[PDB]
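Colleague: Sequence and experimental coordinates follow.
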Amino acid sequence: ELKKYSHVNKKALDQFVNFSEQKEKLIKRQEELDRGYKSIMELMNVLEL
Amino acid sequence: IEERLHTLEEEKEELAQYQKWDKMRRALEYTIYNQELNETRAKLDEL
Amino acid sequence: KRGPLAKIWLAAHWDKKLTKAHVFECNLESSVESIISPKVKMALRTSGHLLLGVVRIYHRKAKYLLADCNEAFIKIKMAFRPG
């Protein structure tokens, strides 16, 4: 059983938890960024008018 | 990054399995060396 | 100077003192962008200036996000296989 399971990458669990939370955070940033761009385009058209 | 998290999940299950078996090895090793210690006690008393 | 939109003033005129701590969480974009449209006695000049300001702000946030993502990807590539 040892010989079969030699090359395991330790520390994976903390990696998962922390990186999943941080990925969620940045995804939220991305969605906000998209909405902001949309708002900029609309307001710019209004100004043009 | 998404692909890498997926691969991480795979490695997580692998880690769980290795951890369990490693526990098995450590327990078994300690027990058999306990038996060695028992032989130690036994043969020392025999003399 | 004084006002709840002075940051956009600074970003539209000087823009250099604006730090990553300022840009980061001082301003909620979706409210000020709404604020621009109905304010009384808004000069068109000032409107264009404020446009440049808020767009530059958005650009800075985007850059920061890209930098953070690149850093994260460099982070996750570590591993420890003791052999």
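Modeller: In hand now; what should we look at? Residues are numbered from 1 along each chain as shown, chains lettered A, B, ... in the order given.
Colleague: From residue A:18, how far out is the residue nearest to residue A:19 when sequence neighbours are not counted?
Modeller: Using C-beta to C-beta, 6 or more residues apart in numbering or on different chains and skipping the chain neighbours, the partner closest in space to residue A:19 is residue C:76 (6.2 Å). Bear in mind the C-beta positions are built from the backbone N, C-alpha and C, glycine included. Residue C:76 is 10 Å from residue A:18, where distance means C-beta to C-beta, to the nearest Å.
Colleague: Neighbour count: the two, which is higher?
Modeller: Ranked by neighbour count (other C-beta atoms under 10 Å in any protein chain shown), residue C:76 and residue A:18 place residue C:76 first, with 15 against 11.
Colleague: all helices for the chain, in order.
Modeller: Chain wasn't specified; assuming chain A. In chain A, the helices defined using DSSP state H lie at A:12-48.
Colleague: should've been chain C
Modeller: C:6-13, C:20-25, C:29-36, C:44-76.
Colleague: contacting residues around the spatially most central residue of chain C?
Modeller: Closest residue to the average C-alpha location of chain C: residue C:57 at 2.9 Å, with C-alpha atoms, centre = their mean. Residues in contact with residue C:57 (C-beta atoms under 8 Å, 6 or more residues apart in numbering or on different chains) are C:8, C:11, C:23, C:27, C:29.
Colleague: go with 7 Å
Modeller: C:11, C:23, C:27 (C-beta atoms under 7 Å, 6 or more residues apart in numbering or on different chains).
Colleague: ok, and the closest non-adjacent residue to the first one?
Modeller: In other words, residue C:11. residue C:53 (3.9 Å).
Colleague: ditto for residue A:44
Modeller: Nearest to residue A:44 is residue C:51, by C-beta to C-beta, 6+ apart, at 6.8 Å.
Colleague: any idea how far that neighbour lies from residue A:34?
Modeller: 19 Å.
Colleague: Looking at these two, which is more packed in?
Modeller: Legend: neighbour count by other C-beta under 10 Å for residue C:51 and residue A:34, higher for residue C:51 (18 against 10).
Colleague: hang on, isn't the residue nearest to residue A:19 packed against residue B:3?
Modeller: No. Using C-beta atoms under 7 Å, residue C:76 is not in contact with residue B:3, being 10.5 Å away.
Colleague: what about residue 36, how many neighbours?
Modeller: Defaulting to chain A. Residue A:36: 20 neighbours (other C-beta under 10 Å).
Colleague: Can you look at chain C instead?
Modeller: Residue C:36: 19 neighbours (other C-beta under 10 Å).
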